[PDB]
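Encoded as structure tokens, the following chain is the form deposited in one PDB entry, with no partner shown.
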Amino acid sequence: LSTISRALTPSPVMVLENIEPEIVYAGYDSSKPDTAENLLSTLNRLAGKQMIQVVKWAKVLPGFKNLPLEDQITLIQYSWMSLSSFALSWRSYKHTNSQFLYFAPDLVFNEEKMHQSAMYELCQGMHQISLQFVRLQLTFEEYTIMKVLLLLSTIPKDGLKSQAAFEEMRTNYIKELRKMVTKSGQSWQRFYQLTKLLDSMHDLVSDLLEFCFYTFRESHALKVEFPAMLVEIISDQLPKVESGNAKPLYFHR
């Protein structure tokens, strides 16, 4: 054990900041008409590019790499939607002050786009999270920890290969959050507000997935395109979810 090495080691929070992926661009073609077909296909394309960066992020995520390859794949598949809309809400909060849905720098949604996307209510749900970020003045530190917790929010009804190791890393990250919001009195209130917001993601993600699975099934009739990345994810996720094999983890309720 090195006295120096231990003192110079980055806190998990600092590591989260270092590994956070750079903002990804959607490659949105502004010359094409803003119809549901084009906007949804474009969002799905963006989703793909983002998931590729998410996997690289999870690969170097403290504690995550120590999980069986099998569990890592499962966790990612189960949570990809949760991480997507949560990151969406964050960028919207930071770069727009929650005035718009900042899917990407080249793709910012206003009320109009929301209507044209044919998923207006789902957009309102995600936007409502951003509004909360404003009311709470959420910090980037709290954000990164919470995003990690979401990665570990849905598991197999029966469990992962290394259930013990998983509950460990999870509990450690929860503790990391407690420490953040403490930097008590208003600390306990803060922590509960954040865990309560994390739980609320499940009903939101449930509705987002329902529409995702629907548009996936009717992809041809709707003319909605999906990148191989998402085809790969949804193909395997959809049946597990509809089979009741996905188990949501809550803090309350």
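Heads up: residue numbers just count along the shown sequence, starting at 1.
What comes next is about the form solved in complex with a partner chain, which does not appear here.
Using a 4.5 angstroms threshold between heavy atoms, residue 16 stays clear of its partner chain in the entry with it bound.
Looking at residue 59, you'd find a heavy atom of it within 4.5 angstroms of its partner chain in the entry with it bound. Among residues of the shown chain, residue 24 is not one whose heavy atoms approach its partner chain to within 4.5 Å in the entry with it bound. Though the partner is left out of this view, residue 242 does not reach within 4.5 Å of its partner chain in the entry with it bound, counting heavy atoms only. Of the candidate stretches 123 to 131, 110 to 118, 96 to 104, 68 to 76, only 68 to 76 has residues whose heavy atoms lie within 4.5 Å of its partner chain in the entry with it bound.
Shown here without its partner, the chain carries 40, 47 and 224, none of which come within 4.5 Å of its partner chain in the entry with it bound through any heavy atom.
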